[PDB]
Amino acid sequence: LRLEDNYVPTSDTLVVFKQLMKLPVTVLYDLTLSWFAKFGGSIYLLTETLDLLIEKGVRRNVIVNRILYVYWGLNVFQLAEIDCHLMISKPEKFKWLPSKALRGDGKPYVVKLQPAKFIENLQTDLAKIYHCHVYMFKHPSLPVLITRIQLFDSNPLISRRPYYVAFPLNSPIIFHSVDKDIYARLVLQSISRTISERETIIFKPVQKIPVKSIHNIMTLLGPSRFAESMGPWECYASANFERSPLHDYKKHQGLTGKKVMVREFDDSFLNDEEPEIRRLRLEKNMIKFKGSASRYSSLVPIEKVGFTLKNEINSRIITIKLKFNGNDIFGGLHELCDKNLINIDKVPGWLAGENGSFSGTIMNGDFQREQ
Amino acid sequence: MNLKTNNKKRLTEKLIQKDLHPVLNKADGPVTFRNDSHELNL
Amino acid sequence: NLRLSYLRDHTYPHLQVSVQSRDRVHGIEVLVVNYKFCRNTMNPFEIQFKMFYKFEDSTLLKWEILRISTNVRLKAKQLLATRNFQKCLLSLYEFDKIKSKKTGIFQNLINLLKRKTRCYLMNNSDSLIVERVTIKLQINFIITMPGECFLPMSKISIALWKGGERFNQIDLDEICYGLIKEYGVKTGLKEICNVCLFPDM
Amino acid sequence: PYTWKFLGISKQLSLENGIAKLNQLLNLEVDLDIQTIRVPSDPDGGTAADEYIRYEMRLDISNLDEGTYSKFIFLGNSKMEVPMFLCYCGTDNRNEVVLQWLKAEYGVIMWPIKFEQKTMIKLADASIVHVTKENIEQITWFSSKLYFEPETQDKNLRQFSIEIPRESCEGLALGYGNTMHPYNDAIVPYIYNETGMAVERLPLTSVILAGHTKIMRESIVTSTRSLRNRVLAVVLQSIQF
Amino acid sequence: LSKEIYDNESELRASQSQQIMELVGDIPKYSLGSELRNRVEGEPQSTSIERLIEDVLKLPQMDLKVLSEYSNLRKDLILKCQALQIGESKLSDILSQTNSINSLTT
Amino acid sequence: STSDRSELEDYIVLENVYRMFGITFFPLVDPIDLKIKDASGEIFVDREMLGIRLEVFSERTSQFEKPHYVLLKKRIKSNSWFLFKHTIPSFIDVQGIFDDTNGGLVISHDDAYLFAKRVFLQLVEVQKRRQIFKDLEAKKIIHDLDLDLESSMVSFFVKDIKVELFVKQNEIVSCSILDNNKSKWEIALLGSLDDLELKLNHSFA
């Protein structure tokens, strides 16, 4: 009962109209060409009709009436393509949630999957439980694989919410869309069973707070140089400070010297002009909250962060519980420091932005995440 | 559970078994081998 | 000065690097430099290189060898045709480290076995043979420079003799493999010569 | 749930006279006790600029509803620049008619009191100093939850909170030393030392304790009806010039 | 009546499903490797001798003539992978030896 | 400052010839724990930090690649480094290798150098696995192909056949031919990685 692409579901036409109105004209032309090449309905004779239509500069409404009333829902595969192109177009609408892939002792396992044989295995594992249809494509810019898993029910077939699972190419961290119903656990457990094929893999989730876009979660926790530094160590993730040993020595930071400012270490902040010193103070704040040199937003916007500082004075465990909120936390913190409200001499590393989107405690001066 | 009981039975019959000179000095053991093996490329 | 101290003392001990000269043409740069691997003070071997930068759009075009101290020259003859000098420098340094560790292990074993029974070295230093009563034990330690991983990998095998003939090799290889796996290198060899003694147990 | 709004009073006045005019305008009877209270009754005050005259104008009515129940706690001193103020709760119309009578009869100037940051810090310091009958100040503790609400570009950082549990607060207080001011000598230097966030300059909104009080920038929400002496002493000290 | 008929036939079907699942195992699944069941289901499209070696040592041992033939073939394949490992290590040794010889001659 | 300029230039070119090795230990200090001792106004470092600069040198383009950095910070109560902020991508497992070296605890400098050398061998293996396929492309023996980020799974084209390779550490384990001679051609190309370059001319001649 694994549904093929030629099956058509029963959905409302106006919501597909509303979805397909959120796309440009050339992707609609590509979609019409691919659907007529694969399925058709009502060769190259009908192609010049749309070639002449897009040359005249028509609106999107007449061409979306064309696509919705030469096929009259279209099918399950066409809906999957529409929704996946909508995911490619506007990435700010979704919400990802990462999860690691452990095996055996606890060593991480790179997935290294192939898009061909994985799809039929996932479908023949899921079809023994529910009605299902999967669809897997490659992101055109970022090197990830986005898999759209859709499920159905019988009161003909009432659709469910489509569930996304994003595989990066060479990382043991697998993103899935944020859900907590029994279908989400079923799909994630089925993928954890069918991706292995030699030795068993489990999916311990590494985070509990969702993050917004796929570029952000890819830069945070995918295969990238920014995967761990992420904060004041952002200079080491781009290497803009050193050159190769085969470079010139005349243009070297050892020979040229960088303009620096003498720090203050006495308590000279609670007792409160020269625009070069003002520019150096803004450069110091830019160094501490970011890399070397809009204008407040960081590399990645982080939604929610909750810290915990468990210090120890005279054998007393003194806990505090910082919590944050908003659109971009560390950018707003850099803005608040830029207005001379936070003494940047005493801002620790975990507050500064490193180990971003990780809400964990601190036990004697070294960060550790929370389960 | 069968592997757990078989491991316990094997440990008890090895405790009766005779390994006096070459084994009983460790029965710091496998960690220095892995250290010197990934050092000397053994 | 502190960065050169961290580069010289802490991360490459007993290595004598000294730059010699440099020159530019109109946009390339030449550099002659020598290394003196001085971990073995009894016979330290040296080498001399000559590199040609592009010096902007940073590229290595020409690099070659000026002179080698004739102690590893035949062994380096296979490795110095790969045209990848990073493998050459790291392989020479790892060879010096491995040879110093090997001669330290053999000096430890001879200083602990020179009392009870006899001992003598072999071909260059690659194998060590002890004898008793007769019964002989041969331990092999071969350092193989790479050619056609790239670090110089070592090989350890042992062999016994009961006076009449050599023993079987499969059981001795399994025993020495398990004993090195379980005890180590500096401790496993002491255990294997103690079990080839076998006076009591 | 008794939200205490705060208003100012321009001129020093007595309240024993003219109250019968309020009774005639109101057709009710109210009791106005004259408590000549004094802050830190411990003798390290000099008995000068430490006493106040409190006029708890209660409304002894049927207590079936709390939103119509409204006290009027007053304070005064004949030595400072601005001598008096009041604070009212409830949602009655009697608050409006009595502020009408106070504006009409004595001829004074009323205005709402907005709070500073160090004023909120001193109020959180004073709202936990409990007075017992044995002439000493025992200090309870509460798991305080501070709050902030700054405004940044594109609403980057909307609101963020610092929560300190009770045992940690007691540990910081016992580790600082013996003093009557924990929240201005121990915790705020600790937050500045371990975070760098000076809470005197950051925009405070709601210093909230563990269900006991809720200090805001425009009002004070409590759980019991009464308000302590040091709280009104700190408030009256704050509005001076 | 049809519901009771179905319930009686399901109660009869339960004993049949328990008996036909508790038959002779005939070396069943979840006991071999990936490559053994992939060669069972046909067209694996990816051969890999290392996984065949690591999975052929995982199969158990056991019309007794075909059982003897299976155990003989199992011993034969065990000897195959044994000789494969021996020949690989010996070929590496021979290649190192002739590399030293080529270095000397050059 | 002319003689000191020439001395600093010699120091910089010495740093360059040491950095051409690949594994260097540059000093570092975390700017938050620069505590003042208040005995003379001087500044001592509370928690020491030691930065490893891994740098793989290519051969095809004959230039140094982007160097990966590993940073180690000493713990406050154990006198052992723990891996603070590394920049290696996550297909090369770093935390498990740091737990595996010397039983988890790393004390001396050469104990860290062993971990740096292991990660260096992994990086150079990945780099050579990418380079050999890129030069097989540049020699035009193969058609257009796709590479992974670690060059462990590639798929190229020959004149008729689509070929998939899944390669382990510098030797090929799983192959795939897709489009009884196919099985012989499948097992024939299995082996080393330069053996693939030799055996591709054995079937495309």
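Chains here go by letter, A, B, C, D, E and F, matching the order in which they are written, and residues are numbered from 1 within each.
In this section, a contact is a pair of C-beta atoms (placed from the backbone, for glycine too) under 8 Å apart; a residue touches a chain by one contact, two chains touch by 3 or more.
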{"item": "Between A-D and E-F, the pair with more C-beta contacts", "value": "A-D"}
{"item": "Cα-centroid distance, chain D relative to chain F, in whole angstrom", "value": "64"}
{"item": "Approximate Å spacing (C-alpha centroids) for the pair chain C, chain E", "value": "43"}
{"item": "Approximate Å spacing (C-alpha centroids) for the pair chain B, chain C", "value": "30"}
{"item": "Distance from chain F to chain C - Cα centre to Cα centre, in angstrom", "value": "23"}
{"item": "Chain C, residues touching no fewer than two other chains", "value": "58-60, 148-149, 151"}
{"item": "Where chain B touches two or more other chains, by residue", "value": "39"}
{"item": "Multi-partner residues of chain D (each touching 2 or more other chains)", "value": "none"}
{"item": "Pairs of chains in contact (touch as defined earlier), listed by label", "value": "A-C, A-D, A-E, A-F, B-C, B-F, C-E, C-F, E-F"}
{"item": "Footprint of chain F on chain C - complex, ascending", "value": "1-4, 6-8, 10-12, 17, 19, 22, 31, 33, 58-61, 83-86, 89-90, 93, 148-151"}
{"item": "Contact footprint of chain A on chain C as seen in their complex", "value": "53-56, 58-60"}
{"item": "Contact footprint of chain C on chain A as seen in their complex", "value": "243-244, 246-248"}
{"item": "In the complex with chain C, residue positions of chain E that touch it", "value": "96, 99, 103-104, 106"}
{"item": "Residues of chain D touching chain A in the complex", "value": "150, 152-165, 168, 171-172, 174-175, 190-198, 201-202"}
